[PDB]
Amino acid sequence: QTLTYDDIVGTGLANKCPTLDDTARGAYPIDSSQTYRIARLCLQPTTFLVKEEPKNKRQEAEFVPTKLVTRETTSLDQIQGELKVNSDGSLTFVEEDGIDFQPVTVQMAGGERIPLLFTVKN
Amino acid sequence: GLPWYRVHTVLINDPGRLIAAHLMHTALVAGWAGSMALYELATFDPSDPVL
Ligand code: CLA
Ligand code: CLA
Ligand code: CLA
Ligand code: CLA
Ligand code: CLA
Ligand SMILES: CCCCCCCCCCCCCCCC(=O)OC[C@H](COP(=O)(O)OC[C@@H](O)CO)OC(=O)CCCCCCCCCCCCCCC
């Protein structure tokens, strides 16, 4: 519904992107003469995977799961940009601004902390 | 006086203190086990079980 800050504060929901009903499987018509924008783009990570260092003999590295240690501080939101219609009919989103980066520290087995600038800048 | 090599014979007819001595020996062995593992965990590299 229309929640308020006071409904959300402290619950962890401020780090969650909005969602759509399971029945929203429709279609947004794109009018090439028109010009479009993304008014809000929200990205909520749910898993962080880090490529392990395959030792000298190697064979192949895997992406291993990690533990988040920096709490519900990870999402990107309020991102905006124009949605252009290219002449070949594709759409291209060009980010202008937004909260488009979060520092994140995850932890690997054994205890190695891995910080990263989770971002979609530009 | 007892010679040094016989001090522990004072337990031969003292079941209680014999048990106390055994308890202390068992304490020391379980402690060793715990200390040895912690040392090994502090020094073990788990990242290559092949080589
Ligand atoms: C399982 C071990 C153990 C147990 C349960 C006992 C039990 C007993 N001892 Mg025996 N004893 C032991 C080991 C042990 N002893 C060893 C190793 C020695 C040679 C030092 C002796 C020498 C000894 C004597 C000379 C006497 C006893 C006596 C006795 C009785 C009374 C307690 C006493 O005075 O202790 C005293 C003994 C100790 C406090 C031993 C301490 C040894 C320390 C903890 C070693 C630590 C070294 C170092 C800190 C290690 C760390 C690392 C290092 C690199 C820094 C009791 C039956 C007495 C008794 O009844 O005689 C009739 C007595 O007069 N004991
Ligand atoms: C569970 C096994 C066990 C037990 C309970 C005993 C118990 C006893 N022994 Mg026997 N003994 C054993 C094994 C055992 N012994 C073995 C394997 C040997 C062959 C080496 C002997 C040879 C032996 C002799 C020749 C004599 C005894 C005597 C005695 C009595 C007095 C010991 C004393 O006060 O020492 C006091 C000891 C000290 C004050 C210091 C000893 C420090 C030694 C040299 C090195 C320490 C090593 C380290 C701390 C711990 C052990 C490491 C590893 C084994 C776990 C006591 C009833 C004596 C006896 O009959 O008197 C009536 C005696 O004369 N023992
Ligand atoms: C009631 C039956 C019964 C049971 C279950 C035991 C059990 C045991 N006796 Mg024996 N004992 C019995 C009757 C019994 N005894 C009788 C009738 C006598 C004549 C007095 C003896 C005299 C005797 C002597 C002289 C010695 C034993 C020892 C031991 C222990 C050797 C193993 C050990 O320490 O493991 C390692 C220990 C653990 C893994 C932890 C044990 C935790 C248990 C569950 C006990 C919890 C607390 C409990 C209420 C205390 C009472 C214990 C029980 C023996 C009464 C073991 C627990 C030896 C001993 O005490 O070793 C130090 C020893 O020296 N017993
Ligand atoms: C099945 C395994 C087992 C057995 C049978 C024993 C038996 C014994 N241990 Mg125990 N112990 C064990 C495992 C075992 N232990 C383990 C795994 C640890 C942890 C590392 C210990 C730690 C421990 C300590 C800390 C002490 C004992 C002691 C004793 C003795 C107590 C009775 C006594 O007065 O002996 C009389 C002593 C003898 C008969 C001497 C026998 C000598 C043996 C064979 C060792 C040989 C000399 C040794 C290698 C020299 C060390 C040199 C080094 C410092 C450079 C007895 C011989 C106590 C002891 O020796 O008291 C004096 C003692 O203080 N033990
Ligand atoms: C609550 C009980 C308990 C449990 C679940 C464990 C569990 C463990 N211990 Mg600890 N431990 C305990 C009590 C316990 N311990 C106590 C009381 C002591 C002090 C004495 C220790 C001292 C100790 C040491 C010193 C070490 C461990 C180790 C270990 C690990 C390997 C065990 C192993 O290989 O045993 C193997 C046991 C045997 C092979 C025993 C064989 C028994 C012989 C054959 C006796 C036969 C005589 C019998 C009376 C005849 C039977 C008649 C038959 C007809 C039925 C495991 C995590 C090891 C480890 O990794 O530590 C970090 C190690 O090195 N433990
Ligand atoms: C946790 C670790 C703790 C470890 C504790 C330390 C270990 C305990 C100390 C053990 C040292 C033993 C000292 C006993 C020494 C000593 O007390 O001896 C003299 C002693 C005499 O005993 P008696 O029966 O006369 O009793 C006299 C009493 O006052 C002794 O308490 O005899 C014994 O000890 C028998 C064993 C003889 C040992 C003979 C050794 C002589 C070798 C000399 C030759 C050397 C080489 C030279 C030629 C190259």
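Look up: the structure comes first, before these words.
Conventions adopted
- Residues numbered from 1 in each chain as written, not as in the entry; some residues may be left out.
- Chains lettered and ligands numbered in written order.
- Part of a larger assembly, values for the part shown.
- Heavy atoms only, no water.
- Near = heavy atom within 4 Å.
- Nonpolar A, V, L, I, M, F, W, Y, C, P; charged D, E, K, R; others polar.
- Disulfide = S-S within 2.5 Å.
- Helix = DSSP H or I, 4+ residues; strand = E, 2+ residues; numbered from the N terminus.
- Buried < 20%, exposed > 50% of the residue type's maximum accessible area, 1.4 Å probe, protein only.
- Salt bridge = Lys/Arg side-chain N within 4 Å of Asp/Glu carboxyl O.

(A) Region of the structure containing the site of ligand 5. Every residue lining ligand 5 is accounted for by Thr26, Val29, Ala30, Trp32 and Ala33 of chain B. Counted by class, the shell around ligand 5 contains 4 nonpolar, 1 polar and no charged residues.

(B) Looking closely at the state of the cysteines. Residue and element names in this part refer to chain A. Scanning the entire structure with this criterion turns up 1 disulfide over all chains. Disulfide pairing places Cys17 opposite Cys42 at an S-S distance of 2.0 Å. Its S-S torsion of approximately -85° makes the covalent link between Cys17 and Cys42 left-handed. With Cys17 in the loop between α1 (5–8) and β1 (36–43) and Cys42 in strand β1, the pair connects residues that are 25 residues apart, well separated along the chain. Just as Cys17 is buried, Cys42 falls in that class too.

(C) Layout of the pattern of salt bridges. Tallied over the entire structure, the rule returns 5 salt bridges over all chains. The salt bridge involving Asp48 of chain B is made with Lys57 of chain A; its shortest N-O contact spans 2.7 Å. Of this pair, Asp48 of chain B sits in the segment after α1 (15–43) while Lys57 of chain A sits in the loop between β2 (49–51) and β3 (63–65), each in a different chain. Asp48 of chain B gets classed as partly exposed once you look at its relative accessible area, which sits at 22%. When the shortest N-O distance is used, the salt bridge between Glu82 of chain A and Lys84 of chain A registers 3.1 Å.

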